[PDB]
Each structure stands twice: as C-alpha cells, then as structure tokens.
>>> print(open('protein-v2.txt').read())   # compact mmCIF, C-alpha atoms and all ligand atoms
# COMPACT_ATOMS: atom_id res chain seq x y z
CA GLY A 161 -16.86 -5.72 24.84
CA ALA A 162 -16.62 -3.35 21.90
CA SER A 163 -17.55 -0.02 23.53
CA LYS A 164 -14.12 1.64 23.51
CA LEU A 165 -13.28 0.34 20.01
CA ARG A 166 -16.51 1.70 18.51
CA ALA A 167 -15.75 5.13 20.00
CA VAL A 168 -12.27 5.08 18.50
CA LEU A 169 -13.83 4.18 15.16
CA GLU A 170 -16.47 6.89 15.53
CA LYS A 171 -13.85 9.56 16.33
CA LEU A 172 -11.74 8.39 13.35
CA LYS A 173 -14.73 8.39 10.97
CA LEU A 174 -15.82 11.92 11.85
CA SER A 175 -12.38 13.38 11.11
CA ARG A 176 -12.33 11.59 7.74
CA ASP A 177 -15.74 12.82 6.56
CA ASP A 178 -15.51 16.32 8.03
CA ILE A 179 -15.83 19.17 5.50
CA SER A 180 -12.32 20.16 4.36
CA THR A 181 -10.80 22.02 1.40
CA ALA A 182 -7.78 19.70 1.25
CA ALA A 183 -8.92 17.43 -1.59
CA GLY A 184 -9.59 20.57 -3.63
CA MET A 185 -6.08 21.99 -3.36
CA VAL A 186 -4.59 18.54 -4.04
CA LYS A 187 -6.69 18.04 -7.18
CA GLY A 188 -5.71 21.36 -8.75
CA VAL A 189 -2.03 20.69 -8.10
CA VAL A 190 -2.29 17.20 -9.61
CA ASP A 191 -4.20 18.27 -12.73
CA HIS A 192 -1.42 20.85 -13.11
CA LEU A 193 1.33 18.25 -13.09
CA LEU A 194 -0.63 15.90 -15.38
CA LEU A 195 -0.94 18.54 -18.11
CA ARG A 196 2.74 19.42 -17.81
CA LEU A 197 3.94 15.79 -17.74
CA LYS A 198 1.69 14.87 -20.68
CA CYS A 199 3.63 17.30 -22.93
CA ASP A 200 7.04 15.77 -22.18
CA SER A 201 8.56 13.11 -24.44
CA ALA A 202 8.78 10.33 -21.83
CA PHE A 203 5.58 10.99 -19.84
CA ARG A 204 3.05 11.49 -22.64
CA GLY A 205 0.86 8.59 -21.51
CA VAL A 206 0.98 9.42 -17.81
CA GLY A 207 -2.36 9.30 -16.04
CA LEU A 208 -3.84 9.02 -12.58
CA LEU A 209 -4.13 5.48 -11.24
CA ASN A 210 -7.71 6.25 -10.21
CA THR A 211 -9.98 9.20 -11.07
CA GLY A 212 -10.97 9.90 -7.47
CA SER A 213 -7.66 8.79 -5.90
CA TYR A 214 -6.77 12.40 -5.10
CA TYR A 215 -8.20 11.54 -1.66
CA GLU A 216 -6.24 8.36 -0.96
CA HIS A 217 -5.03 8.30 2.67
CA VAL A 218 -2.39 5.82 3.80
CA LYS A 219 -2.13 7.38 7.28
CA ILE A 220 -5.58 6.87 8.79
CA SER A 221 -4.92 9.28 11.69
CA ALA A 222 -3.69 12.11 9.43
CA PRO A 223 -6.39 13.39 7.04
CA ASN A 224 -4.10 16.03 5.49
CA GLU A 225 -1.54 13.50 4.21
CA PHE A 226 -2.59 12.39 0.70
CA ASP A 227 -1.19 9.51 -1.37
CA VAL A 228 -1.30 9.82 -5.17
CA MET A 229 -0.14 7.45 -7.92
CA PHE A 230 0.68 8.32 -11.53
CA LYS A 231 0.53 5.42 -13.98
CA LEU A 232 2.43 4.89 -17.22
CA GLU A 233 1.61 2.01 -19.54
CA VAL A 234 4.56 -0.08 -20.76
CA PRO A 235 3.47 -2.36 -23.61
CA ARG A 236 5.45 -5.54 -24.36
CA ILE A 237 7.57 -5.43 -21.23
CA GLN A 238 10.33 -7.90 -20.30
CA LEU A 239 10.68 -8.61 -16.56
CA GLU A 240 13.79 -10.34 -15.17
CA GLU A 241 13.67 -11.43 -11.54
CA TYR A 242 16.54 -9.97 -9.51
CA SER A 243 18.69 -12.34 -7.42
CA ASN A 244 15.90 -14.85 -6.58
CA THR A 245 14.17 -12.15 -4.51
CA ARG A 246 10.79 -13.24 -5.94
CA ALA A 247 9.49 -9.61 -5.63
CA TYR A 248 12.09 -7.34 -7.28
CA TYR A 249 12.67 -7.13 -11.05
CA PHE A 250 14.68 -5.51 -13.79
CA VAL A 251 12.53 -4.06 -16.57
CA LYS A 252 13.68 -4.90 -20.11
CA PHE A 253 12.08 -3.94 -23.41
CA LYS A 254 10.90 -6.03 -26.37
CA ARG A 255 11.39 -2.73 -28.32
CA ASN A 256 9.33 -2.92 -31.53
CA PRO A 257 9.94 0.77 -32.23
CA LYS A 258 13.18 0.71 -30.22
CA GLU A 259 12.51 4.43 -29.71
CA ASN A 260 9.67 3.81 -27.31
CA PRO A 261 9.06 6.89 -25.14
CA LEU A 262 11.06 5.36 -22.26
CA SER A 263 14.14 4.53 -24.33
CA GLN A 264 15.94 7.72 -23.22
CA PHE A 265 16.24 6.08 -19.76
CA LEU A 266 17.86 2.86 -21.04
CA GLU A 267 21.25 1.74 -19.76
CA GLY A 268 21.91 -1.37 -21.79
CA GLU A 269 18.67 -3.29 -22.23
CA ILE A 270 17.55 -2.28 -18.72
CA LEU A 271 15.06 0.44 -17.76
CA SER A 272 16.71 2.83 -15.26
CA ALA A 273 14.43 3.84 -12.38
CA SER A 274 16.65 6.60 -10.95
CA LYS A 275 17.04 8.32 -14.32
CA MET A 276 13.28 8.17 -14.86
CA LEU A 277 12.69 9.74 -11.44
CA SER A 278 15.28 12.48 -11.99
CA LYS A 279 13.28 13.80 -14.96
CA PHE A 280 9.86 13.16 -13.42
CA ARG A 281 11.10 15.07 -10.37
CA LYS A 282 12.74 17.80 -12.46
CA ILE A 283 9.62 18.31 -14.61
CA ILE A 284 7.54 18.50 -11.42
CA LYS A 285 10.09 20.71 -9.65
CA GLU A 286 9.93 23.40 -12.35
CA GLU A 287 6.17 23.10 -12.96
CA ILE A 288 5.66 23.74 -9.24
CA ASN A 289 5.75 27.52 -9.20
CA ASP A 290 4.04 28.64 -12.42
CA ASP A 293 -1.80 30.06 -6.83
CA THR A 294 -0.62 28.17 -3.76
CA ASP A 295 2.53 27.48 -1.70
CA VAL A 296 3.50 24.13 -3.22
CA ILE A 297 6.89 23.11 -1.78
CA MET A 298 8.60 19.80 -2.59
CA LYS A 299 11.29 17.63 -1.00
CA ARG A 300 14.09 15.43 -2.34
CA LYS A 301 13.85 13.45 0.91
CA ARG A 302 14.16 9.66 1.14
CA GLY A 303 13.75 9.04 -2.58
CA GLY A 304 12.37 5.90 -4.16
CA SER A 305 8.67 5.44 -3.38
CA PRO A 306 7.15 7.93 -2.57
CA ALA A 307 9.18 9.54 -5.35
CA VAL A 308 8.09 13.13 -4.68
CA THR A 309 6.46 14.67 -1.64
CA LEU A 310 4.69 17.97 -2.15
CA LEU A 311 3.47 20.18 0.67
CA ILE A 312 0.39 22.30 -0.05
CA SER A 313 0.40 25.31 2.30
CA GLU A 314 1.59 24.18 5.71
CA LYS A 315 -0.90 21.42 6.52
CA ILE A 316 -1.48 19.32 3.39
CA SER A 317 1.04 16.75 2.13
CA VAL A 318 0.94 14.79 -1.16
CA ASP A 319 3.19 11.78 -1.79
CA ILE A 320 3.40 11.16 -5.52
CA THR A 321 4.36 7.69 -6.72
CA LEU A 322 5.22 6.92 -10.34
CA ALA A 323 4.28 3.44 -11.56
CA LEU A 324 4.57 1.31 -14.68
CA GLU A 325 1.43 -0.47 -15.89
CA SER A 326 1.38 -3.87 -17.59
CA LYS A 327 -1.74 -5.49 -19.01
CA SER A 328 -0.01 -8.80 -19.53
CA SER A 329 -0.60 -11.56 -17.00
CA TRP A 330 0.93 -11.23 -13.55
CA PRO A 331 4.54 -12.36 -13.11
CA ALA A 332 5.16 -16.01 -12.28
CA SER A 333 5.98 -15.30 -8.61
CA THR A 334 2.29 -14.45 -7.99
CA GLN A 335 0.94 -17.74 -9.48
CA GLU A 336 0.23 -19.34 -6.08
CA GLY A 337 -0.66 -16.15 -4.20
CA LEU A 338 -3.95 -14.31 -3.61
CA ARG A 339 -5.37 -17.42 -1.94
CA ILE A 340 -8.93 -16.12 -1.76
CA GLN A 341 -10.64 -19.18 -3.32
CA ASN A 342 -12.38 -20.29 -0.11
CA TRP A 343 -13.41 -16.74 0.83
CA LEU A 344 -14.13 -14.57 -2.24
CA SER A 345 -14.22 -17.63 -4.64
CA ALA A 346 -12.11 -19.00 -7.49
CA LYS A 347 -14.27 -17.02 -9.97
CA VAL A 348 -13.20 -13.75 -8.37
CA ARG A 349 -9.52 -14.71 -8.18
CA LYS A 350 -9.59 -15.29 -11.95
CA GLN A 351 -11.23 -11.89 -12.50
CA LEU A 352 -8.68 -10.08 -10.35
CA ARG A 353 -5.69 -11.76 -11.98
CA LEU A 354 -7.07 -10.48 -15.33
CA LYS A 355 -6.50 -6.90 -14.22
CA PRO A 356 -3.19 -5.17 -14.98
CA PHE A 357 -0.25 -5.09 -12.58
CA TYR A 358 1.97 -2.16 -11.59
CA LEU A 359 5.69 -1.68 -10.97
CA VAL A 360 7.19 0.96 -8.66
CA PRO A 361 10.91 1.53 -7.93
CA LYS A 362 12.63 0.29 -4.74
CA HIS A 363 15.59 -1.83 -3.52
CA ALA A 364 16.47 -4.57 -1.03
CA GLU A 372 20.49 -1.40 -8.11
CA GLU A 373 17.87 -0.44 -10.74
CA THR A 374 15.01 -2.71 -9.73
CA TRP A 375 11.22 -2.44 -9.65
CA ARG A 376 8.66 -3.98 -7.36
CA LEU A 377 5.09 -5.18 -7.84
CA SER A 378 2.28 -2.92 -6.59
CA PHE A 379 -1.21 -4.24 -5.78
CA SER A 380 -3.01 -1.30 -4.11
CA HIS A 381 -5.76 -1.57 -6.73
CA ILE A 382 -6.48 -5.21 -5.88
CA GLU A 383 -6.57 -4.33 -2.16
CA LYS A 384 -9.08 -1.53 -2.81
CA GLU A 385 -11.15 -3.93 -4.92
CA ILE A 386 -11.22 -6.61 -2.23
CA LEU A 387 -12.15 -4.17 0.53
CA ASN A 388 -15.01 -2.77 -1.50
CA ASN A 389 -16.34 -6.32 -2.04
CA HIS A 390 -15.06 -8.29 0.98
CA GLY A 391 -17.75 -10.80 1.94
CA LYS A 392 -18.25 -14.43 1.14
CA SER A 393 -21.89 -13.38 0.77
CA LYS A 394 -22.54 -11.07 -2.13
CA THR A 395 -24.77 -8.85 0.04
CA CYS A 396 -22.21 -8.33 2.81
CA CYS A 397 -22.57 -4.85 4.38
CA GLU A 398 -25.39 -3.91 1.99
CA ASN A 399 -27.73 -3.60 4.98
CA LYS A 400 -27.01 -3.60 8.75
CA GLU A 401 -28.43 -7.16 9.22
CA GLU A 402 -25.53 -8.51 7.13
CA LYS A 403 -23.11 -6.01 8.76
CA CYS A 404 -19.55 -7.23 9.30
CA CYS A 405 -16.53 -5.75 11.08
CA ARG A 406 -13.76 -6.68 8.59
CA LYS A 407 -12.96 -3.09 7.48
CA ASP A 408 -13.16 -1.82 11.06
CA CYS A 409 -10.62 -4.42 12.19
CA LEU A 410 -8.27 -3.30 9.41
CA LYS A 411 -8.75 0.29 10.63
CA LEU A 412 -7.97 -0.66 14.22
CA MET A 413 -4.87 -2.61 13.13
CA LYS A 414 -3.65 0.35 11.10
CA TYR A 415 -4.34 2.89 13.84
CA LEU A 416 -2.58 0.76 16.47
CA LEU A 417 0.69 0.62 14.47
CA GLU A 418 0.49 4.36 13.63
CA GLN A 419 0.10 5.34 17.29
CA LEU A 420 2.93 3.03 18.30
CA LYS A 421 5.09 4.44 15.49
CA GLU A 422 4.24 7.89 16.83
CA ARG A 423 4.83 7.08 20.50
CA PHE A 424 8.22 5.53 19.72
CA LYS A 425 9.55 7.81 16.97
CA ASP A 426 12.32 9.01 19.32
CA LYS A 427 13.75 5.47 19.29
CA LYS A 428 14.11 3.64 15.96
CA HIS A 429 12.91 0.03 16.31
CA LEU A 430 9.65 0.56 14.41
CA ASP A 431 10.89 2.47 11.36
CA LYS A 432 10.71 -0.58 9.11
CA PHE A 433 7.07 -1.52 9.80
CA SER A 434 4.22 0.12 7.84
CA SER A 435 0.52 -0.37 7.10
CA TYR A 436 1.60 -2.86 4.42
CA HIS A 437 2.69 -5.31 7.13
CA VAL A 438 -0.69 -4.81 8.80
CA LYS A 439 -2.76 -5.12 5.61
CA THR A 440 -0.93 -8.32 4.70
CA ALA A 441 -1.52 -9.99 8.05
CA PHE A 442 -5.16 -8.85 7.99
CA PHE A 443 -5.91 -10.50 4.64
CA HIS A 444 -4.32 -13.72 5.92
CA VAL A 445 -6.85 -13.66 8.78
CA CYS A 446 -9.61 -13.14 6.19
CA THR A 447 -8.44 -16.28 4.43
CA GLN A 448 -8.28 -18.12 7.76
CA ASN A 449 -11.79 -16.94 8.64
CA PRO A 450 -13.70 -16.94 5.32
CA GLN A 451 -17.25 -16.84 6.72
CA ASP A 452 -19.14 -13.58 7.19
CA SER A 453 -20.52 -14.94 10.48
CA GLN A 454 -16.94 -14.91 11.73
CA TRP A 455 -16.94 -11.14 11.27
CA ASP A 456 -20.18 -10.18 12.96
CA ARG A 457 -20.35 -6.56 14.09
CA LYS A 458 -21.47 -7.76 17.55
CA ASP A 459 -18.07 -9.46 17.88
CA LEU A 460 -15.87 -6.48 16.92
CA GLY A 461 -13.85 -6.88 20.13
CA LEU A 462 -13.08 -10.57 19.61
CA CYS A 463 -12.51 -10.19 15.87
CA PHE A 464 -9.99 -7.42 16.43
CA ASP A 465 -8.32 -9.63 19.02
CA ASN A 466 -7.92 -12.44 16.48
CA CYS A 467 -6.12 -10.01 14.17
CA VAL A 468 -3.88 -8.80 16.98
CA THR A 469 -3.13 -12.41 18.00
CA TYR A 470 -2.20 -13.47 14.45
CA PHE A 471 0.08 -10.46 13.91
CA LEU A 472 1.84 -11.17 17.22
CA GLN A 473 2.27 -14.78 16.11
CA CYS A 474 3.96 -13.61 12.91
CA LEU A 475 6.33 -11.31 14.81
CA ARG A 476 7.30 -14.07 17.25
CA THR A 477 7.92 -16.70 14.55
CA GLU A 478 9.38 -14.04 12.20
CA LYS A 479 7.12 -15.17 9.33
CA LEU A 480 4.61 -13.05 7.46
CA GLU A 481 4.24 -14.17 3.86
CA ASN A 482 3.47 -11.57 1.24
CA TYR A 483 -0.20 -12.06 0.36
CA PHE A 484 0.46 -12.04 -3.40
CA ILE A 485 3.93 -13.60 -3.56
CA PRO A 486 4.06 -16.43 -0.98
CA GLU A 487 7.81 -17.10 -0.99
CA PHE A 488 8.52 -13.55 0.18
CA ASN A 489 8.76 -13.28 3.99
CA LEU A 490 8.11 -9.69 5.12
CA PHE A 491 9.51 -10.55 8.55
CA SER A 492 12.70 -12.22 7.31
CA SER A 493 15.63 -11.17 9.45
CA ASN A 494 17.44 -9.59 6.49
CA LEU A 495 14.46 -7.27 6.15
CA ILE A 496 13.61 -6.54 9.79
CA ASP A 497 16.01 -7.70 12.47
CA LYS A 498 15.05 -9.81 15.47
CA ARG A 499 15.38 -6.95 17.94
CA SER A 500 12.80 -4.86 16.07
CA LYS A 501 10.10 -7.53 15.97
CA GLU A 502 10.74 -8.37 19.64
CA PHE A 503 10.33 -4.69 20.49
CA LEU A 504 7.05 -4.39 18.60
CA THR A 505 5.92 -7.71 20.09
CA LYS A 506 6.24 -6.33 23.62
CA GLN A 507 4.47 -3.01 22.97
CA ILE A 508 1.49 -4.76 21.37
CA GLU A 509 1.23 -7.24 24.23
CA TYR A 510 1.33 -4.29 26.66
CA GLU A 511 -1.51 -2.58 24.77
CA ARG A 512 -3.74 -5.67 24.63
CA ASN A 513 -3.24 -6.39 28.34
CA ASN A 514 -4.12 -2.80 29.31
CA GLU A 515 -7.25 -2.20 27.18
CA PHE A 516 -5.26 -0.29 24.50
CA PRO A 517 -4.16 3.10 25.94
CA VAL A 518 -3.09 4.35 22.47
CA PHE A 519 -6.83 4.78 21.78
CA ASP A 520 -7.46 7.75 24.11
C1 LIG B 601 8.28 -2.26 3.16
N1 LIG B 601 7.40 -2.51 2.01
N2 LIG B 601 7.64 -3.59 1.22
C2 LIG B 601 6.69 -3.54 0.26
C3 LIG B 601 6.65 -4.60 -0.76
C4 LIG B 601 7.78 -5.35 -1.03
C5 LIG B 601 7.74 -6.35 -1.97
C6 LIG B 601 6.57 -6.63 -2.65
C7 LIG B 601 5.41 -5.92 -2.38
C8 LIG B 601 4.15 -6.27 -3.14
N3 LIG B 601 2.94 -5.55 -2.77
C9 LIG B 601 2.05 -6.07 -1.92
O1 LIG B 601 2.21 -7.16 -1.38
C10 LIG B 601 0.83 -5.26 -1.62
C11 LIG B 601 -0.07 -5.81 -0.71
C12 LIG B 601 -1.22 -5.11 -0.38
BR1 LIG B 601 -2.42 -5.88 0.88
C13 LIG B 601 -1.51 -3.89 -0.94
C14 LIG B 601 -0.64 -3.34 -1.86
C15 LIG B 601 0.54 -4.02 -2.21
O2 LIG B 601 1.38 -3.46 -3.13
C16 LIG B 601 5.46 -4.90 -1.42
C17 LIG B 601 5.83 -2.45 0.46
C18 LIG B 601 6.30 -1.78 1.57
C19 LIG B 601 5.79 -0.57 2.22
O3 LIG B 601 4.73 -0.10 1.62
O4 LIG B 601 6.29 -0.05 3.22
ZN ZN B 602 -18.97 -6.80 5.18
>>> encode(input="protein-v2.txt", output="structure tokens")
Amino acid sequence: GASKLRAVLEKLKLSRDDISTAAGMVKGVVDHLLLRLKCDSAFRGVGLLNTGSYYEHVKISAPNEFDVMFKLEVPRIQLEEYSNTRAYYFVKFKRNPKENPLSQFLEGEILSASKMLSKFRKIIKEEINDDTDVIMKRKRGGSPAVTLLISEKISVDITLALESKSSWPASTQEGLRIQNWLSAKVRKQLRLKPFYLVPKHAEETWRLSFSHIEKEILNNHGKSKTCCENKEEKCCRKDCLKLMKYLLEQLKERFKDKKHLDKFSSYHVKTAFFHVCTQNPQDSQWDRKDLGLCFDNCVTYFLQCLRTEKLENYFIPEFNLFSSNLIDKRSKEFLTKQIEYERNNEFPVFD
C-alpha cells in the first residue's frame, strides 16, 4: 500500500534534480563572501563546512531555499555548560597567544556570540553590493545568522559555526546509540570527527551542531555494508525521512495563519527518525516493498513522543526536545491531532 507515497516521492525527486541555475548564483555569492571574510582580522580562517554544501536544502519542498554553513576553527577551546541545560555552553579561551583572532569579541573570559555576528553581518552587508540583486535581512537573528535573497526566488541562510577538533563534550558521552545498528566501530569513528558550535538561547551561549554526522549516517545507513548499492538490497530509510519532513512542512504551511507549529522543525523529525532506526536496526525492517508500513512506524513513534512529551536529543540524551518549557502542551496536542487526521484520511497534504 505504497502507491500514493511513491508518487509523492517521485514528484519531490523530479523537482530536486531538475536543471536549475540556482546553485550557480549561490556559489558565486558565497565565494565572494569567503574572499572578503578571509581578509578580515577575525575571520581569516573561515571556510565552507563542505565543498559542495552550496546546495544544502533544509526545506525539502522548496528547492530555491539554500542552507549554507561557514566554519571557523577554534583551537584549545574551553566550554562551560550553561545552567545544567546539557546542550548550551559558554565558550572560554585557553589563550596561548591571548591575541587569538577572536579575542576582539571577548567580554571577560567569555566569547560573545552577538558581537561576532554583528561584524560577520556587517562585513557581509557591505560586501553585498560590490552582478546580481543580493538583498539581506536582519530578521530573527541567531541561527540562521544572515539570510540573503538572490534575485526574487533564491534564498540563502548563512550560519556561522565554531569548529573544535577536541573530543565531543561530556554531555554527548552516552548519545549516538548506533552500536546495534551501524556498529560500535562506526560510533568510535564518528566521535573522532570534530564538533561544531552555533549561537542560540533557551545570554551569550553556543549550541552543539551535528549536521555533518547526520549527513554521514544517511550516506551510509545500513546494518549491511552494501545497503542501497543495488536494488536487491534496496531500503526505504531515506524515503521515510523525506516523508516525515514533507508532512511537517505541509502542516507548517497549512497552519501558518495560526501559531501552534512555529516551534517544530525538521530537527524534531530527524531526531525521532533516527530513534526509529535504532529501534529497528535490521535492513530487512526497511524493505522498499514495505514503504507504507515503515513510514507508518515513523509516524506512530513521533505521535507517541508528542503524547508523552518526550523526544530525547539523539546526541545528548538528557535533553528533551518536547519538554514543556520548550514547546507547551497545547502545541504538541495540536500537532498530535493534525497528524492523526492525516493518517486516518490517507494523507491529504500529499496532493
Ligand atoms: C529548535 N532546535 N533546537 C536545536 C538544538 C538544540 C539543542 C541541541 C541541538 C543539537 N543538535 C542535534 O541534535 C542535531 C541532530 C541532528 Br539528527 C542533526 C543536526 C543536529 O545539530 C539542537 C536545533 C533546532 C532547530 O534546528 O530548529
Ligand atoms: Zn539503504
């Protein structure tokens, strides 16, 4: 009973892969900012998080909204957990040449995020005009730090991130519970990769970012090493993630006039999806023939998290994404009812 879901997926895939000049405009704008930022005193080591991440799309229904991350390496960094929040940190410096590039943003021993953004934004804001109609926005703030608009259609969220090649902070030690699915060998390898810090609040605090580990898992997602390398070992994991993402997006669109869904994002959906991967580690539990059932397991688990108001961060297990101080009871109950409506009516949002 997959026929409608496949067609949704087919429609979505054709609009992703269709010939477009968007990635080209985005890349020339970004190479522009990278040259300009590289000449400034604080941003001399700035670089793209991934060569080829010009075409990173958070919104899976909008192929002209691009998501771009700029990375800056902070060697010998001192993290201090903020207010037992497990996920938010002050950045301090071990300062060996106490005039490290970032020192001009120090207030006390503490790295200021808002000051760093002000100059990042100001450098970008002036570099914007000296080709194309690149407009920016001081909207929202935080992360995304800067949203550019190329012409009318194309939109580029730029996020600035600190990179640390030391071992991941102690709040991750019992997370990424992939041992029964991707193996303990692979968990070790992943935790040997650097971690990233972006600004956000719940003061001058930073938050862990793991989009690179997510990408890595999704590009090597099977218990079997040959998963999805032919169509005989073809699994529906990635397609379920797509259908989860698209369902929230269409509900966020349908109900934008109200407000109850403003706090949910694809991060809540990704997180719940990887928990289901842990719960179902076998590739035979993700057979393409069973797309319909497999999607339904994801939708069932997410609804269970909403109803119990528990969805543990996949990397930091003491952090509850659905805690009532983060999203109130009336918002989860609202999203609970819309998803149950969709499931019981063979998903009208997919039309
Ligand atoms: C509302 N909100 N809160 C966060 C957030 C808060 C604390 C800690 C992390 C840690 N990060 C992850 O758990 C993570 C997981 C996956 Br899977 C992929 C990338 C990731 O960074 C994220 C992100 C968003 C949002 O984006 O709206
Ligand atoms: Zn697969």
>>> residues_near_ligand(input="protein-v2.txt", ligand="ligand LIG 601 (chain B)", cutoff="6 Å", atoms="only C-alpha atoms and all ligand atoms", output="MDAnalysis selection string")
chainID A and resid 247 376:380 383 434 436 439:440 482:484
>>> write_last_selection(input="protein-v2.txt", atoms="C-alpha atoms", output="PDB file, keeping the file's coordinate frame")
ATOM      1  CA  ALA A 247       9.490  -9.610  -5.630  1.00  0.00           C
ATOM      2  CA  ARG A 376       8.660  -3.980  -7.360  1.00  0.00           C
ATOM      3  CA  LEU A 377       5.090  -5.180  -7.840  1.00  0.00           C
ATOM      4  CA  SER A 378       2.280  -2.920  -6.590  1.00  0.00           C
ATOM      5  CA  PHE A 379      -1.210  -4.240  -5.780  1.00  0.00           C
ATOM      6  CA  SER A 380      -3.010  -1.300  -4.110  1.00  0.00           C
ATOM      7  CA  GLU A 383      -6.570  -4.330  -2.160  1.00  0.00           C
ATOM      8  CA  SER A 434       4.220   0.120   7.840  1.00  0.00           C
ATOM      9  CA  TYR A 436       1.600  -2.860   4.420  1.00  0.00           C
ATOM     10  CA  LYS A 439      -2.760  -5.120   5.610  1.00  0.00           C
ATOM     11  CA  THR A 440      -0.930  -8.320   4.700  1.00  0.00           C
ATOM     12  CA  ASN A 482       3.470 -11.570   1.240  1.00  0.00           C
ATOM     13  CA  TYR A 483      -0.200 -12.060   0.360  1.00  0.00           C
ATOM     14  CA  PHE A 484       0.460 -12.040  -3.400  1.00  0.00           C
TER      15      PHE A 484
END
>>> closest_residue(input="protein-v2.txt", among="A:256, A:335, A:395, A:244", to="ligand ZN 602 (chain B)", atoms="only C-alpha atoms and all ligand atoms")
A:395
>>> residues_near_point(input="protein-v2.txt", point="(8.7, -15.8, 11.0)", cutoff="12 Å", atoms="all atoms listed in the file", output="MDAnalysis selection string")
chainID A and resid 470:482 488:498 501:502
>>> atom_distance(input="protein-v2.txt", atom1="atom CA of residue A:205", atom2="atom CA of residue A:231")
8.2 Å
>>> closest_atom_pairs(input="protein-v2.txt", of="chain A", to="ligand ZN 602 (chain B)", cutoff="10 Å", atoms="only C-alpha atoms and all ligand atoms", output="JSON lines")
{"residue": "A:387", "atom": "CA", "partner": "B:ZN602", "partner_atom": "ZN", "distance": 8.7}
{"residue": "A:388", "atom": "CA", "partner": "B:ZN602", "partner_atom": "ZN", "distance": 8.7}
{"residue": "A:389", "atom": "CA", "partner": "B:ZN602", "partner_atom": "ZN", "distance": 7.7}
{"residue": "A:390", "atom": "CA", "partner": "B:ZN602", "partner_atom": "ZN", "distance": 5.9}
{"residue": "A:391", "atom": "CA", "partner": "B:ZN602", "partner_atom": "ZN", "distance": 5.3}
{"residue": "A:392", "atom": "CA", "partner": "B:ZN602", "partner_atom": "ZN", "distance": 8.7}
{"residue": "A:393", "atom": "CA", "partner": "B:ZN602", "partner_atom": "ZN", "distance": 8.4}
{"residue": "A:394", "atom": "CA", "partner": "B:ZN602", "partner_atom": "ZN", "distance": 9.2}
{"residue": "A:395", "atom": "CA", "partner": "B:ZN602", "partner_atom": "ZN", "distance": 8.0}
{"residue": "A:396", "atom": "CA", "partner": "B:ZN602", "partner_atom": "ZN", "distance": 4.3}
{"residue": "A:397", "atom": "CA", "partner": "B:ZN602", "partner_atom": "ZN", "distance": 4.2}
{"residue": "A:398", "atom": "CA", "partner": "B:ZN602", "partner_atom": "ZN", "distance": 7.7}
{"residue": "A:399", "atom": "CA", "partner": "B:ZN602", "partner_atom": "ZN", "distance": 9.3}
{"residue": "A:400", "atom": "CA", "partner": "B:ZN602", "partner_atom": "ZN", "distance": 9.4}
{"residue": "A:402", "atom": "CA", "partner": "B:ZN602", "partner_atom": "ZN", "distance": 7.1}
{"residue": "A:403", "atom": "CA", "partner": "B:ZN602", "partner_atom": "ZN", "distance": 5.5}
{"residue": "A:404", "atom": "CA", "partner": "B:ZN602", "partner_atom": "ZN", "distance": 4.2}
{"residue": "A:405", "atom": "CA", "partner": "B:ZN602", "partner_atom": "ZN", "distance": 6.5}
{"residue": "A:406", "atom": "CA", "partner": "B:ZN602", "partner_atom": "ZN", "distance": 6.2}
{"residue": "A:407", "atom": "CA", "partner": "B:ZN602", "partner_atom": "ZN", "distance": 7.4}
{"residue": "A:408", "atom": "CA", "partner": "B:ZN602", "partner_atom": "ZN", "distance": 9.7}
{"residue": "A:452", "atom": "CA", "partner": "B:ZN602", "partner_atom": "ZN", "distance": 7.1}
{"residue": "A:453", "atom": "CA", "partner": "B:ZN602", "partner_atom": "ZN", "distance": 9.8}
{"residue": "A:455", "atom": "CA", "partner": "B:ZN602", "partner_atom": "ZN", "distance": 7.7}
{"residue": "A:456", "atom": "CA", "partner": "B:ZN602", "partner_atom": "ZN", "distance": 8.6}
{"residue": "A:457", "atom": "CA", "partner": "B:ZN602", "partner_atom": "ZN", "distance": 9.0}
>>> closest_residue(input="protein-v2.txt", among="A:412, A:462, A:197, A:485", to="residue A:280", atoms="only C-alpha atoms")
A:197
>>> residues_around(input="protein-v2.txt", residues="stretch 306-322 of chain A", least_positions_apart="5", cutoff="10 Å", atoms="only C-alpha atoms", output="PyMOL selection string")
chain A and resi 181-183+185-186+189-190+206-209+214-218+222-232+273-274+276-278+280-281+284-285+288+294-301+358-362
>>> atom_distance(input="protein-v2.txt", atom1="atom CA of residue A:411", atom2="atom CA of residue A:375")
28.6 Å
>>> atom_distance(input="protein-v2.txt", atom1="atom CA of residue A:339", atom2="atom CA of residue A:447")
7.2 Å
>>> closest_residue(input="protein-v2.txt", among="A:487, A:426, A:233, A:401", to="residue A:334", atoms="all atoms listed in the file")
A:487
>>> residues_around(input="protein-v2.txt", residues="residue A:168", least_positions_apart="2", cutoff="12 Å", atoms="all atoms listed in the file", output="PyMOL selection string")
chain A and resi 162-166+170-175+220-221+408-409+411-413+415-416+516-520
>>> closest_residue(input="protein-v2.txt", among="A:418, A:355, A:210, A:236", to="residue A:254", atoms="only C-alpha atoms")
A:236
>>> closest_residue(input="protein-v2.txt", among="A:262, A:346, A:169, A:179", to="residue A:204", atoms="all atoms listed in the file")
A:262
>>> closest_residue(input="protein-v2.txt", among="A:350, A:363, A:187, A:437", to="residue A:303", atoms="all atoms listed in the file")
A:363
>>> residues_around(input="protein-v2.txt", residues="residue A:328", least_positions_apart="6", cutoff="9 Å", atoms="only C-alpha atoms", output="list in words")
residues 235, 236, 237, 354, 355, 356 and 357 of chain A
